[PDB]
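One structure is given here, and the rest of the page talks about it.
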Protein chains: 4
Amino acid sequence: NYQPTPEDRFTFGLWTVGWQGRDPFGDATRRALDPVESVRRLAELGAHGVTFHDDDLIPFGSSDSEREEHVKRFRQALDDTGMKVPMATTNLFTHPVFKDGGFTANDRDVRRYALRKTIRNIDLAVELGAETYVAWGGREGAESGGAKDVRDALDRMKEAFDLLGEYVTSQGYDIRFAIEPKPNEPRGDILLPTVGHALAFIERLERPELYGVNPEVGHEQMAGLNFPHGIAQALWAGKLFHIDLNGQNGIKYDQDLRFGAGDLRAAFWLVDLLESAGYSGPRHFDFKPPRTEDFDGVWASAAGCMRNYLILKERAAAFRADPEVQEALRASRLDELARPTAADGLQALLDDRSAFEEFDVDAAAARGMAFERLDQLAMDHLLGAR
Amino acid sequence: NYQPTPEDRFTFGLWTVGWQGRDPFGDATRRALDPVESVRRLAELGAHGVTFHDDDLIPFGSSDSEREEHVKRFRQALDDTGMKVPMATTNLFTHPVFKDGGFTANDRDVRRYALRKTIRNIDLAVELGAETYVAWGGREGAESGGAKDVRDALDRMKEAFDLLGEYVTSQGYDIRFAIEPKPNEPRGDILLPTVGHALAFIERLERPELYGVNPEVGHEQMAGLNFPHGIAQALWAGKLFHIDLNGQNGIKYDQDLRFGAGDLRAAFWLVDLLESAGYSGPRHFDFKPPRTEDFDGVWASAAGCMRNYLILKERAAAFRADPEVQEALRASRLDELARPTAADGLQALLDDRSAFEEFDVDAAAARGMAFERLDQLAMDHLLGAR
Amino acid sequence: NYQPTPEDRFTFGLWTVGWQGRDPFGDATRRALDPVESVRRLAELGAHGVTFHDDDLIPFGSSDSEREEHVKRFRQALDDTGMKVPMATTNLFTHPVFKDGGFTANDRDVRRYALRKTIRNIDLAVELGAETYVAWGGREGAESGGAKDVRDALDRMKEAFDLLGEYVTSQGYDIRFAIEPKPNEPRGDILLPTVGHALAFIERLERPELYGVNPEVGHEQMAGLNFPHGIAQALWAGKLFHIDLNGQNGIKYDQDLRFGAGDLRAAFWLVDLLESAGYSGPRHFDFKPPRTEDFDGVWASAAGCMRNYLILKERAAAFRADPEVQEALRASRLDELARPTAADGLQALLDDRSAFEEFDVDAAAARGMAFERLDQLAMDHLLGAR
Amino acid sequence: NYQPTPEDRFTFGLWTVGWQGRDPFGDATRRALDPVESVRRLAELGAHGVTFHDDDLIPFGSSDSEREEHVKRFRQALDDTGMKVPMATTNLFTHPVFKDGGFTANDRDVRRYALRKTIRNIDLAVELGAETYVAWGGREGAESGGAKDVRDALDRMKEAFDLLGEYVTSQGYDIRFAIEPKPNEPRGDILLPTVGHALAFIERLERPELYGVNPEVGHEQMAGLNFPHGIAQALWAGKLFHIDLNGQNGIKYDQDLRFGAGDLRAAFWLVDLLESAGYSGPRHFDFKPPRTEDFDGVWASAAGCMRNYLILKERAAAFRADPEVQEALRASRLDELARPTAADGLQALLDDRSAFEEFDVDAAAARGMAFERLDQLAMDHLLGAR
Ligand SMILES: [Mg+2]
Ligand SMILES: [Mg+2]
Ligand SMILES: [Mg+2]
Ligand SMILES: [Mg+2]
Ligand SMILES: [Mg+2]
Ligand SMILES: [Mg+2]
Ligand SMILES: [Mg+2]
Ligand SMILES: [Mg+2]
């Protein structure tokens, strides 16, 4: 009954099930989890692997000696469980030194420190076998207009990512970068606030082939945007390197609900798209078990993430395989959308009198699109009424 | 007292002061304006020029004979007033044939018709001396998930813009295209919903140098985004070809208030940015005089657009020239943001022990950014308290 | 298979399936429907009844003679089909005279005209057997701060509703009023913008027992509010006289999607609440078939409204009847929420040392709420995985 | 130059300038402030008084002995400075025991504990001379639909407030309660989410005269609502007992910016309303100095709160005193809005043929409202261009 296996490629951040429940108005409600027990519990639930910030695994300020001991304990748990580490990232947001950003801090010495902290963790990520390195610039931004010249900040952001790209190519590392956008919180406005802004920025880097996006369901929805549409544009550009799955109820603070919560129909269309397009990367959950929950609720919440993906996967597959849906797709002319507008070329189009001079505009306008019948078949499939 | 002259490059769409006041719930409250009287009245107000949709100037369905007479009347009014036409665009949204889009309609024959309708108006725009041709894909989108395969739609959108680019280069026209993003309305979700999505899409076109963005204040604010930040990224990419100025009160329907209304502080930071960066294109107002107004209120509203720009221009210039503000900018290290993070290169950075091993993280964290004092000086300048 | 019957009390506005598809940017895509054919088609679909604005049934400006003929045709169709008319309302928003409002227009003569137009339709509504009279003040509001003194406007709004209440009591009519809130559109801000504001206003009227609320799914969601929570407060106050069912995708223009579209999980919790609380009024759909659709799509969209309600009704009933869910409700202490905090009284509470002096705050804090397991059971029931 | 004095009645929460800068993603950037030094520094800035949560003044878990010493130190600083304490409140949100709420927690023993914790602080507030006791139910709410039966929760909320009202009347205390609404954060949805919901709830309490609202600028704007409109309705109902002043940039997390930041024009219309209506309560700032700031930035931010109020007060007064504005108000018929619609009564209205039968609807519709000229005069006054 919708049981995950490591072949489903479900992954979790250490910081997700490990979130102690401290929010802007309240103290932690759960004790800290040992990264080793998180790996063990996730493996029993059917997870494929885990991800980490440097500071999740190695407490900030650790000596090189303690650092080695933390990695060895972690590596032993991975060996014992068969869990993989497909992605890693840097914490450039918790420590007070990053209060005005890491890569785009106004202070130059902070920017240099941020780069050195990142490079150190890239080495560790490669050693653990990570294939994607995520950058979430949570402190890159501003609360007021004069605090940040955004053109200069984008220069600094490009400089930082270009240097990271020079570092991985000079070391011969087989790792790629993924930028994770977020529109706001904790800064009043964050630089590169949506998937689109991040995709546009990547095209200005020196080695654009090394960089893609790591979109998160809830973050695009914090701007009221259609997440499946944004994912489709990232896939269209060949830039969907990784994805963060969770839930969000509209435009408000970043909720990080378990996947399937929040906008359920958007979750259906997302799974339909990822499975149809053959996305083969990790299905990563960046979620927070609500601070109302004890540790039993943490693992129930994590299990629910994977369960909801598998239920939606089944429903989307039944939707696409239904002959009546295939009939409805043709009635709405989805087949015609996939055909070129003018494969005959510009000159043939200009000479084609049926495209303008003799085009019956009233007859074309009278054709219904039959979209509502199609959408109700999708609803019926989602709800199990077909 | 803040009087505009044609040297200020203020322009208005015919459809702005010409809006009759029909909204989704109500009939028109004003009679239609002759395009010739709009040109005359705007010239008396100090405007530099006007813009038009094809269907604003030539009523849909006009014969070639009536078309010639409409253009000649319009050209005579331009000659009589000295008004310019710096931009033109196509109406691909009003007629029922465009109910599922123009360039990305599911029906192939509609897509071909949309291209022919656009090409015809490009010829006219060039004849009138327009330098920028704007495309607002208001019907390109969907209300439901299955109605539009977004990857196929982006293929169709790229095909359409590539064909337009082939057309202007083969004709030898000196005109460039600007895509105007909008996140929603009238479609449930519109393709290329923000400046970022449009910038990313442009980089996939065959001749990207021909295409830029035409951002609108209110449209980015309909996604809760920081409009000056988005403009800065467009300037950083070299893609700000045109701009639509107006006002918007938050995330809701597209209000198109007169410029300066809505988010007043964002308007200040926008003008500061455009003037500092030396933007030399038209200051175009895409606004709607509220349907509460008679024709006297229409011209008062249009005059207010230009007045508010000139007041904000004065205040932003006083802000940047104030020695105390220049002192505060250095106190907040805006000068350091403009300096390279690592002009010494990657290897020097890796060997620099002051960037990590010997970096005093507690001393750097204790430095205040002094952003609040800087922002209050900006407030004082905006309010005329300095 | 989820077939509606008139016993389900599904009703539709004439203006819903009759919407011609004119939006702020486009002309109508469908021809006008005769109110008589709408009644016939809805009856065949299983609807219980219809609702109307005065101007939906009797074209504005009609003579008393034409008025009588329009009512007689309509009454004959009701007799032929068995359809009821449970609710009626006034159009105080389409005609230009209402551009600054009806009851709160700045012009006194418009306010008097608005009252007379309303009173005339109350008489007709009573004659047709309507039990609820809805008031949606779509033009009561402002785009700018100085245009409307809101305290004076609330005086005028109270005066108007008090006069309507005096009229129905003096005539001996058995009809009640329901105020329909909306936060914005077509005005920049609308007075009484949410269910809460309307409930508070009602308590200041001379005869508060005559007035309740007519909340609409999409309107509360245009403020990002939880619609089932707002309905619960209206039920708690005894003021849910009527309800408008539809769908909305977040904070944007009023979409009026078919019910079940938009926020699907909120639709589930709404149906669960209405059915558990024993709401016995009409299930009214205020929706607009998208303008992409021809007339076949209109009736498919209307049928989908009722189908989705019946599917959700089945799923919510299975959720509440599931013994495992009843167990989970007790594990989350929903039973304790229903028990008085201090039925022993204030003095016993003050003397109860187990409530403070000897309360084990750490042991209470450690109890998990088990909310995530409960919410996943709700998800499983909604998706038909149980 | 816009200097505050204690006669301006500016007050600050201890938790405002005392905020250490811990946010959901980052550690504190400032050390804790002694409440005594906050009182001294605020007095030097011209503040009138301070407010506190119980846990701001007396650390949680303090013995009665330490409690007495904390109050005595605080009282001495008030005596030394002349600072007043006009308002106090309870922290029912930080400690883990309150993770599912205080007054509406599902666990009955937590609800009883919450009441006892509140009653203890009411005694202290009265001893310090507070006139208003604020309740912000930050944890009263839910992240999921089944976790909270909202009708039962409203019963529990009414029970709690009724008991507090019985307590203050039985003790003979001269204190009133003010409910502070917030739509979300830290809960997914918070009960009584707006001013309207809180006003409606108050009317169901046993002694409604004891309860009013404490609206906060940013909280109503988190629902996209017009804050001056909501304040006007609270004033109209006689329920504006207190107010929280700050700034917010649209629909997102609760920013608590200094007053005047965020929506500047809404701040102008708010001050215009408070001063015109003769609001005589405290001008309380509930704001957070951004965590980018050191302690010098904290006091600059607090000073900016008061400065911006005084500048806006001057501009609103000049606006209302300008003869040209008074002329424009009559041109827009604000005088007619203040006059009764039908002081002649219902029967005279029904017999008045000029209100309907002979009303010239086309002539009334043609009248412009002149709102745009009025709004530009307001803009000119705000910007100091008049
Ligand atoms: Mg998130
Ligand atoms: Mg993430
Ligand atoms: Mg617009
Ligand atoms: Mg525009
Ligand atoms: Mg609606
Ligand atoms: Mg409605
Ligand atoms: Mg706040
Ligand atoms: Mg507050």
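Using Swiss-Prot numbers, chain A covers 2-387, in order.
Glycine is treated like the rest: Cβ placed from N, Cα and C.
Annotation source Swiss-Prot lists active site at A:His54, A:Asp57. Swiss-Prot lists A:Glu181, A:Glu217, A:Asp245, A:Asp287 with the feature Mg(2+) 1 binding site. Positions annotated as Mg(2+) 2 binding site by Swiss-Prot: A:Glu217, A:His220, A:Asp255, A:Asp257.
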Based on Cα coordinates, which of the following recorded positions are within 10 Å of A:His220 (Mg(2+) 2 binding site): A:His54, A:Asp57, A:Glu181, A:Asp287?
A:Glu181
Let me make sure I understand the structure: which of the recorded positions listed (A:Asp57, A:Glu181, A:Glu217, A:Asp255) has the fewest other Cβ atoms within 10 A of its Cβ?
A:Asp57
How would DSSP class A:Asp257 (Mg(2+) 2 binding site) in three states?
coil
Give me the count of other Cβ atoms within 10 A of the Cβ belonging to A:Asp287 (Mg(2+) 1 binding site).
25
Nearest-integer angstrom distance between the alpha carbons (Cα) of A:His54 (active site) and A:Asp287 (Mg(2+) 1 binding site):
12
Find the shortest Cα-Cα separation between A:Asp257 (Mg(2+) 2 binding site) and the recorded positions A:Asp57, A:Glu181, A:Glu217, A:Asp245, A:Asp287, and name the residue that gives it.
A:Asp287
So around the Mg(2+) 1 site, A:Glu181, A:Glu217, A:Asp245, A:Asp287 aside, which residues have their CB within 8 A of the centroid of those CB atoms?
A:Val135, A:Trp137, A:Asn215, A:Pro216, A:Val218, A:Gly219, A:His220, A:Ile244, A:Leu246, A:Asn247, A:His285
I'd like to know which of the recorded positions A:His54, A:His220 has the most other Cβ atoms within 10 Å of its Cβ.
A:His220
Candidate nearest A:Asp57 (active site) in space, where candidates are the binding-site residues A:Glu217, A:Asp245, A:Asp287 and distance is Cα-Cα:
A:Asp287
Local backbone state of A:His54 (active site), from DSSP in three classes:
strand
For Mg(2+) 2, what surrounds A:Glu217, A:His220, A:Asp255, A:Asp257 with a Cβ no more than 8 Å from their Cβ centroid?
A:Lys183, A:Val218, A:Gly219, A:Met223, A:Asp245, A:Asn247, A:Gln249, A:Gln256, A:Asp287
Counting across all protein chains present, how many other Cβ atoms fall within 10 Å of the Cβ of A:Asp257 (Mg(2+) 2 binding site)?
25
Using CB under 6 Å from any atom of ligand 2, narrow the binding-site residues A:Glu217, A:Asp255, A:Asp287 to the ones that qualify.
A:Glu217, A:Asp287
Structural state of A:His220 (Mg(2+) 2 binding site), classified by DSSP into three states:
helix
Nearest-integer angstrom distance between the alpha carbons (Cα) of A:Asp245 (Mg(2+) 1 binding site) and A:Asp255 (Mg(2+) 2 binding site):
13
Please report the distance from the Cα of A:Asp255 (Mg(2+) 2 binding site) to the Cα of A:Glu217 (Mg(2+) 1 binding site), rounded to the nearest angstrom.
10
Listed recorded positions: A:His54, A:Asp57, A:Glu181, A:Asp245, A:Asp255, A:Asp257. Which have a CB under 6 angstroms from an atom of ligand 1?
A:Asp255, A:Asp257
Count of other CB atoms lying within 10 Å of the CB belonging to A:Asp245 (Mg(2+) 1 binding site):
26
